[PDB]
>>> print(open('protein-v1.pdb').read())   # PDB, C-alpha atoms
ATOM      1  CA  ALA A   1      34.970  15.564  10.360  1.00  0.00           C
ATOM      2  CA  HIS A   2      38.323  15.738  12.155  1.00  0.00           C
ATOM      3  CA  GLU A   3      39.916  17.539   9.203  1.00  0.00           C
ATOM      4  CA  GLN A   4      37.078  20.074   9.071  1.00  0.00           C
ATOM      5  CA  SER A   5      37.224  20.654  12.833  1.00  0.00           C
ATOM      6  CA  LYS A   6      40.992  21.207  12.754  1.00  0.00           C
ATOM      7  CA  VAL A   7      40.459  24.114  10.337  1.00  0.00           C
ATOM      8  CA  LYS A   8      38.922  26.238  13.108  1.00  0.00           C
ATOM      9  CA  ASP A   9      15.470  29.762   8.837  1.00  0.00           C
ATOM     10  CA  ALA A  10      14.945  31.840  11.971  1.00  0.00           C
ATOM     11  CA  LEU A  11      12.578  30.339  14.541  1.00  0.00           C
ATOM     12  CA  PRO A  12      10.923  31.772  17.667  1.00  0.00           C
ATOM     13  CA  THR A  13      12.635  31.554  21.040  1.00  0.00           C
ATOM     14  CA  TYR A  14      10.272  28.718  22.046  1.00  0.00           C
ATOM     15  CA  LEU A  15      10.552  26.501  18.945  1.00  0.00           C
ATOM     16  CA  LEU A  16      14.360  26.373  18.937  1.00  0.00           C
ATOM     17  CA  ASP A  17      16.083  23.357  20.507  1.00  0.00           C
ATOM     18  CA  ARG A  18      13.173  21.198  19.292  1.00  0.00           C
ATOM     19  CA  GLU A  19      12.833  18.622  16.537  1.00  0.00           C
ATOM     20  CA  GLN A  20      11.634  19.919  13.173  1.00  0.00           C
ATOM     21  CA  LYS A  21       1.491  22.258 -14.440  1.00  0.00           C
ATOM     22  CA  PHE A  22      -1.123  20.357 -12.409  1.00  0.00           C
ATOM     23  CA  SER A  23       0.083  16.891 -13.439  1.00  0.00           C
ATOM     24  CA  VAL A  24      -0.101  14.167 -10.789  1.00  0.00           C
ATOM     25  CA  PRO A  25       3.215  13.088  -9.207  1.00  0.00           C
ATOM     26  CA  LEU A  26       3.038   9.657 -10.911  1.00  0.00           C
ATOM     27  CA  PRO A  27       1.410   9.867 -14.355  1.00  0.00           C
ATOM     28  CA  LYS A  28       1.239   6.936 -16.768  1.00  0.00           C
ATOM     29  CA  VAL A  29       0.902   4.259 -14.105  1.00  0.00           C
ATOM     30  CA  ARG A  30       1.527   0.606 -14.908  1.00  0.00           C
ATOM     31  CA  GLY A  31      -1.250  -0.832 -17.049  1.00  0.00           C
ATOM     32  CA  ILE A  32      -2.626  -3.566 -14.804  1.00  0.00           C
ATOM     33  CA  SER A  33      -4.465  -5.768 -17.291  1.00  0.00           C
ATOM     34  CA  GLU A  34      -7.756  -7.622 -16.868  1.00  0.00           C
ATOM     35  CA  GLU A  35      -6.142 -10.938 -15.980  1.00  0.00           C
TER
ATOM     36  CA  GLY B   1     -51.323 -20.328 -29.584  1.00  0.00           C
ATOM     37  CA  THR B   2     -53.084 -18.251 -30.375  1.00  0.00           C
ATOM     38  CA  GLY B   3     -52.523 -16.400 -27.113  1.00  0.00           C
ATOM     39  CA  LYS B   4     -49.675 -18.665 -26.015  1.00  0.00           C
ATOM     40  CA  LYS B   5     -47.601 -17.511 -28.995  1.00  0.00           C
ATOM     41  CA  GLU B   6     -45.162 -14.781 -27.985  1.00  0.00           C
ATOM     42  CA  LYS B   7     -45.736 -12.979 -31.298  1.00  0.00           C
ATOM     43  CA  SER B   8     -49.338 -12.223 -30.317  1.00  0.00           C
ATOM     44  CA  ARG B   9     -48.236 -10.929 -26.909  1.00  0.00           C
ATOM     45  CA  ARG B  10     -45.573  -8.727 -28.512  1.00  0.00           C
ATOM     46  CA  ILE B  11     -48.094  -7.330 -31.004  1.00  0.00           C
ATOM     47  CA  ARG B  12     -50.632  -6.631 -28.252  1.00  0.00           C
ATOM     48  CA  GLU B  13     -48.053  -4.934 -26.016  1.00  0.00           C
ATOM     49  CA  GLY B  14     -46.680  -2.907 -28.936  1.00  0.00           C
ATOM     50  CA  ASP B  15     -43.075  -3.925 -28.242  1.00  0.00           C
ATOM     51  CA  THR B  16     -42.764  -4.964 -31.899  1.00  0.00           C
ATOM     52  CA  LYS B  17     -42.278  -1.275 -32.729  1.00  0.00           C
ATOM     53  CA  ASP B  18     -39.026  -1.457 -30.712  1.00  0.00           C
ATOM     54  CA  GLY B  19     -38.081  -5.094 -31.268  1.00  0.00           C
ATOM     55  CA  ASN B  20     -34.424  -4.191 -31.822  1.00  0.00           C
ATOM     56  CA  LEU B  21     -33.950  -4.539 -28.045  1.00  0.00           C
ATOM     57  CA  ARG B  22     -35.404  -8.071 -28.086  1.00  0.00           C
ATOM     58  CA  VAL B  23     -33.378  -9.865 -25.403  1.00  0.00           C
ATOM     59  CA  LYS B  24     -32.634 -13.563 -25.861  1.00  0.00           C
ATOM     60  CA  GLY B  25     -35.320 -15.269 -23.791  1.00  0.00           C
ATOM     61  CA  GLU B  26     -38.006 -12.559 -23.825  1.00  0.00           C
ATOM     62  CA  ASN B  27     -40.988 -14.296 -22.212  1.00  0.00           C
ATOM     63  CA  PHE B  28     -43.689 -13.578 -19.651  1.00  0.00           C
ATOM     64  CA  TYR B  29     -41.668 -15.418 -16.994  1.00  0.00           C
ATOM     65  CA  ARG B  30     -38.215 -14.035 -16.161  1.00  0.00           C
ATOM     66  CA  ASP B  31     -38.068 -11.012 -18.434  1.00  0.00           C
ATOM     67  CA  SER B  32     -34.822  -9.392 -19.566  1.00  0.00           C
ATOM     68  CA  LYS B  33     -34.142  -7.925 -16.119  1.00  0.00           C
ATOM     69  CA  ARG B  34     -34.171 -11.521 -14.824  1.00  0.00           C
ATOM     70  CA  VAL B  35     -32.648 -13.308 -17.830  1.00  0.00           C
ATOM     71  CA  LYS B  36     -29.586 -11.056 -17.653  1.00  0.00           C
ATOM     72  CA  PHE B  37     -29.323 -11.644 -13.899  1.00  0.00           C
ATOM     73  CA  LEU B  38     -29.441 -15.419 -14.345  1.00  0.00           C
ATOM     74  CA  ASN B  39     -26.944 -15.305 -17.224  1.00  0.00           C
ATOM     75  CA  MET B  40     -24.294 -14.033 -14.792  1.00  0.00           C
ATOM     76  CA  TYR B  41     -24.208 -17.518 -13.231  1.00  0.00           C
ATOM     77  CA  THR B  42     -22.928 -19.029 -16.500  1.00  0.00           C
ATOM     78  CA  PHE B  43     -12.884 -10.663 -16.670  1.00  0.00           C
ATOM     79  CA  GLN B  44      -9.856 -12.170 -18.438  1.00  0.00           C
ATOM     80  CA  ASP B  45      -9.562 -10.037 -21.585  1.00  0.00           C
ATOM     81  CA  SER B  46      -5.980  -9.115 -20.580  1.00  0.00           C
ATOM     82  CA  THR B  47      -6.401  -5.653 -22.086  1.00  0.00           C
ATOM     83  CA  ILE B  48      -3.632  -3.064 -21.750  1.00  0.00           C
ATOM     84  CA  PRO B  49      -5.265   0.186 -20.562  1.00  0.00           C
ATOM     85  CA  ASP B  50      -3.392   3.487 -20.428  1.00  0.00           C
ATOM     86  CA  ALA B  51      -3.581   4.539 -16.763  1.00  0.00           C
ATOM     87  CA  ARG B  52      -3.063   8.249 -17.392  1.00  0.00           C
TER
END
>>> encode(input="protein-v1.pdb", output="structure tokens")
Amino acid sequence: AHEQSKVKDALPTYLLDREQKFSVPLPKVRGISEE
Amino acid sequence: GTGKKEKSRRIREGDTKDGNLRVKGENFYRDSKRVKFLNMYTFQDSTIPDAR
């Protein structure tokens, strides 16, 4: 950070300065057996 | 018998035409709907299903 400093999504005026092929995400789930 | 015999009752009711579904314990008291229920009082196959 010191080295970088030594070198030298637009939002409305009211939101600034504020805190911010159909497969399932997890196919082939673990095969929990009848146990 | 003669009436006490279950064969006569089956013949009279006509269930003999479809006796393939004869459930173990088919009697006047506690018919299949009850025999199956009671049998549950008598899940560990450890099968490996593909959860796809």
>>> interface_residues(input="protein-v1.pdb", of="chain B", to="chain A", cutoff="6 Å", atoms="all atoms listed in the file", output="PyMOL selection string")
chain B and resi 43-52
>>> atom_distance(input="protein-v1.pdb", atom1="CA of residue 18 in chain B", atom2="CA of residue 41 in chain B")
28.0 Å
>>> atom_distance(input="protein-v1.pdb", atom1="CA of residue 33 in chain B", atom2="CA of residue 19 in chain B")
15.9 Å
>>> atom_distance(input="protein-v1.pdb", atom1="CA of residue 36 in chain B", atom2="CA of residue 22 in chain B")
12.3 Å
>>> residues_around(input="protein-v1.pdb", residues="range 7-17 of chain B", least_positions_apart="5", cutoff="12 Å", atoms="only C-alpha atoms", output="ChimeraX atom specification")
/B:1-2,22-23,26-28
>>> axis_aligned_box(input="protein-v1.pdb", around="range 11-29 of chain A", padding_each_side="6 Å", output="lines of an AutoDock Vina configuration file")
center_x = 7.5
center_y = 18.0
center_z = 2.6
size_x = 29.2
size_y = 39.5
size_z = 50.8
>>> decode(input="protein-v1.pdb", residues="range 5-33 of chain A", atoms="N, CA and C atoms", output="PDB file, in the first residue's frame")
ATOM      1  N   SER A   5       0.965   4.056  -2.938  1.00  0.00           N
ATOM      2  CA  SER A   5       0.661   5.452  -2.636  1.00  0.00           C
ATOM      3  C   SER A   5       1.795   6.371  -3.073  1.00  0.00           C
ATOM      4  N   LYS A   6       3.043   5.938  -2.878  1.00  0.00           N
ATOM      5  CA  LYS A   6       4.184   6.767  -3.248  1.00  0.00           C
ATOM      6  C   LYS A   6       4.239   7.037  -4.746  1.00  0.00           C
ATOM      7  N   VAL A   7       3.582   6.208  -5.559  1.00  0.00           N
ATOM      8  CA  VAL A   7       3.602   6.418  -7.005  1.00  0.00           C
ATOM      9  C   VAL A   7       2.967   7.759  -7.353  1.00  0.00           C
ATOM     10  N   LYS A   8       1.835   8.075  -6.730  1.00  0.00           N
ATOM     11  CA  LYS A   8       1.145   9.336  -6.974  1.00  0.00           C
ATOM     12  C   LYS A   8       1.192  10.226  -5.737  1.00  0.00           C
ATOM     13  N   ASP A   9     -19.942   1.734 -12.355  1.00  0.00           N
ATOM     14  CA  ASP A   9     -21.157   1.467 -11.594  1.00  0.00           C
ATOM     15  C   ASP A   9     -21.698   2.750 -10.973  1.00  0.00           C
ATOM     16  N   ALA A  10     -22.158   3.665 -11.823  1.00  0.00           N
ATOM     17  CA  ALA A  10     -22.709   4.923 -11.340  1.00  0.00           C
ATOM     18  C   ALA A  10     -23.942   4.669 -10.484  1.00  0.00           C
ATOM     19  N   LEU A  11     -24.095   5.467  -9.437  1.00  0.00           N
ATOM     20  CA  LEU A  11     -25.215   5.378  -8.516  1.00  0.00           C
ATOM     21  C   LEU A  11     -25.820   6.758  -8.320  1.00  0.00           C
ATOM     22  N   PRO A  12     -27.095   6.832  -7.941  1.00  0.00           N
ATOM     23  CA  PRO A  12     -27.723   8.140  -7.717  1.00  0.00           C
ATOM     24  C   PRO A  12     -27.007   8.924  -6.627  1.00  0.00           C
ATOM     25  N   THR A  13     -27.335  10.214  -6.554  1.00  0.00           N
ATOM     26  CA  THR A  13     -26.731  11.095  -5.563  1.00  0.00           C
ATOM     27  C   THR A  13     -27.144  10.757  -4.138  1.00  0.00           C
ATOM     28  N   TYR A  14     -28.180   9.935  -3.953  1.00  0.00           N
ATOM     29  CA  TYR A  14     -28.652   9.584  -2.620  1.00  0.00           C
ATOM     30  C   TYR A  14     -28.219   8.194  -2.173  1.00  0.00           C
ATOM     31  N   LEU A  15     -27.802   7.329  -3.097  1.00  0.00           N
ATOM     32  CA  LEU A  15     -27.314   6.005  -2.734  1.00  0.00           C
ATOM     33  C   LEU A  15     -25.812   5.975  -2.485  1.00  0.00           C
ATOM     34  N   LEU A  16     -25.069   6.949  -3.001  1.00  0.00           N
ATOM     35  CA  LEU A  16     -23.635   6.997  -2.762  1.00  0.00           C
ATOM     36  C   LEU A  16     -23.352   7.261  -1.285  1.00  0.00           C
ATOM     37  N   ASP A  17     -22.145   6.885  -0.861  1.00  0.00           N
ATOM     38  CA  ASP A  17     -21.717   6.965   0.532  1.00  0.00           C
ATOM     39  C   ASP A  17     -22.501   6.018   1.432  1.00  0.00           C
ATOM     40  N   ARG A  18     -23.067   4.956   0.864  1.00  0.00           N
ATOM     41  CA  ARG A  18     -23.838   3.976   1.614  1.00  0.00           C
ATOM     42  C   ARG A  18     -23.336   2.578   1.281  1.00  0.00           C
ATOM     43  N   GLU A  19     -23.531   1.657   2.220  1.00  0.00           N
ATOM     44  CA  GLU A  19     -23.096   0.283   2.014  1.00  0.00           C
ATOM     45  C   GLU A  19     -23.877  -0.358   0.872  1.00  0.00           C
ATOM     46  N   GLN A  20     -23.194  -1.214   0.120  1.00  0.00           N
ATOM     47  CA  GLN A  20     -23.808  -1.904  -1.010  1.00  0.00           C
ATOM     48  C   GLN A  20     -24.996  -2.744  -0.551  1.00  0.00           C
ATOM     49  N   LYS A  21     -29.095 -25.613 -20.033  1.00  0.00           N
ATOM     50  CA  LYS A  21     -28.321 -24.691 -19.208  1.00  0.00           C
ATOM     51  C   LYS A  21     -29.072 -24.335 -17.928  1.00  0.00           C
ATOM     52  N   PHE A  22     -30.070 -25.149 -17.581  1.00  0.00           N
ATOM     53  CA  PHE A  22     -30.875 -24.949 -16.384  1.00  0.00           C
ATOM     54  C   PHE A  22     -30.478 -25.896 -15.256  1.00  0.00           C
ATOM     55  N   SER A  23     -29.267 -26.446 -15.304  1.00  0.00           N
ATOM     56  CA  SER A  23     -28.831 -27.386 -14.282  1.00  0.00           C
ATOM     57  C   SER A  23     -28.747 -26.700 -12.923  1.00  0.00           C
ATOM     58  N   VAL A  24     -29.044 -27.465 -11.877  1.00  0.00           N
ATOM     59  CA  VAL A  24     -29.021 -26.956 -10.507  1.00  0.00           C
ATOM     60  C   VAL A  24     -27.579 -26.655 -10.115  1.00  0.00           C
ATOM     61  N   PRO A  25     -27.343 -25.753  -9.161  1.00  0.00           N
ATOM     62  CA  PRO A  25     -25.955 -25.421  -8.801  1.00  0.00           C
ATOM     63  C   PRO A  25     -25.152 -26.611  -8.308  1.00  0.00           C
ATOM     64  N   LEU A  26     -25.792 -27.593  -7.673  1.00  0.00           N
ATOM     65  CA  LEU A  26     -25.106 -28.747  -7.091  1.00  0.00           C
ATOM     66  C   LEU A  26     -25.770 -30.029  -7.575  1.00  0.00           C
ATOM     67  N   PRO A  27     -25.490 -30.450  -8.805  1.00  0.00           N
ATOM     68  CA  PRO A  27     -26.001 -31.738  -9.283  1.00  0.00           C
ATOM     69  C   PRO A  27     -25.181 -32.895  -8.727  1.00  0.00           C
ATOM     70  N   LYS A  28     -25.740 -34.094  -8.864  1.00  0.00           N
ATOM     71  CA  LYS A  28     -25.099 -35.322  -8.399  1.00  0.00           C
ATOM     72  C   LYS A  28     -24.687 -35.191  -6.932  1.00  0.00           C
ATOM     73  N   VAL A  29     -25.699 -35.019  -6.079  1.00  0.00           N
ATOM     74  CA  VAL A  29     -25.447 -34.897  -4.649  1.00  0.00           C
ATOM     75  C   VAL A  29     -25.031 -36.250  -4.077  1.00  0.00           C
ATOM     76  N   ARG A  30     -24.423 -36.207  -2.894  1.00  0.00           N
ATOM     77  CA  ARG A  30     -23.971 -37.430  -2.244  1.00  0.00           C
ATOM     78  C   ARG A  30     -25.134 -38.396  -2.061  1.00  0.00           C
ATOM     79  N   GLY A  31     -24.883 -39.668  -2.356  1.00  0.00           N
ATOM     80  CA  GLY A  31     -25.915 -40.683  -2.299  1.00  0.00           C
ATOM     81  C   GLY A  31     -26.154 -41.223  -0.905  1.00  0.00           C
ATOM     82  N   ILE A  32     -26.845 -40.447  -0.068  1.00  0.00           N
ATOM     83  CA  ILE A  32     -27.162 -40.905   1.279  1.00  0.00           C
ATOM     84  C   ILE A  32     -27.955 -42.198   1.178  1.00  0.00           C
ATOM     85  N   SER A  33     -27.394 -43.276   1.713  1.00  0.00           N
ATOM     86  CA  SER A  33     -27.986 -44.598   1.592  1.00  0.00           C
ATOM     87  C   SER A  33     -29.019 -44.838   2.689  1.00  0.00           C
TER      88      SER A  33
END
